[PDB]
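just coords:
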């Protein structure tokens, strides 16, 4: 599985592409509801380039998938921050 | 798809199955701690969650997704508020 350093920040230049809506946060999982050309290892972020993390699992029906991003323990602070931002548009870095 | 008048009768065997962890977009997510296709989930007071719609997650610690229909919005809102409670499987 793949993991993201802490000082990794999405540069303000890079292209960001809308992908879905942050819908859920439990147990260090972040759930995004699909709304868009995705990879293994694609990185999700919010519009302000707050980095969410890397795709862990795709589930739900093919038409409107749900994406699950599992954060590691070291990323608890980030989890709590996202927990509180449910409903914001999520994006996939390219 | 369950009828309206359907409630779990207090007489029926219930079985712990996981913990209610999440509710969004009419889905209820349960974290596992036998199950059949078409098994009914409920809480310990027999409050009906609904019928299994999807098994995902890793094989060791699955998650269960129950999609409720629009007509059961009131029940979603009630379950939304009850996160963390033990879930059970009817038998």
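Received, thanks. Numbers count the residues shown, from 1 in each chain, chains lettered A, B, ... in the order given.

can you get me a residue count around residue A:7?
For residue A:7, the count of nearby residues is 5 (other CB atoms under 10 Å in any protein chain shown). (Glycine included, C-beta is placed from N, CA and C.)

so what's it up against?
Listed by CB atoms under 8 Å, 6 or more residues apart in numbering or on different chains, residue A:7 has no contact partners.

so it, which state does it fall into?
Of the three states, residue A:7 takes coil under DSSP: H, G, I helix; E, B strand; the rest coil.

ok, now how distant is residue A:89 from residue A:19?
8 Å (CB to CB, to the nearest Å).

again, but for residue A:30
13 Å.

the more surrounded of those two?
residue A:30 (25 against 21).

spatially nearest residue to that one (excluding sequence neighbours)?
Among residues not flanking residue A:30 along the chain, residue A:69 sits closest, at 4.4 Å (CB to CB, 6 or more residues apart in numbering or on different chains).

name the strands paired with the host helix or strand of the one you found and say parallel or antiparallel.
Residue A:69 belongs to strand A:66-70 when assigned by DSSP states H and E. Strand A:66-70 pairs in its sheet with strand A:29-34 (antiparallel), strand A:57-59 (antiparallel), by DSSP bridges.

any idea which of these is most buried?
Using mean count of other CB atoms under 10 Å in any protein chain shown, the stretch among the strands paired with strand A:66-70 with the largest mean neighbour count is strand A:29-34, at a mean of 22.

mind checking how far that strand is from the chain centre?
7 Å (CA atoms, centre = their mean, to the nearest Å).

tell me the helix or strand right after that strand.
strand A:43-46.

residues contacting that next one, please?
For strand A:43-46, the external contacting residues (CB under 8 Å, 6+ apart) are A:4, A:10, A:16, A:19, A:22, A:30, A:32, A:51-55, A:67, A:69, A:85, A:88-93.

drop anything exposed from these.
For the contacts of strand A:43-46, a burial check counting by 16 or more other CB atoms under 10 Å in any protein chain shown picks out A:4, A:10, A:16, A:19, A:22, A:30, A:32, A:51-55, A:67, A:69, A:90-93.
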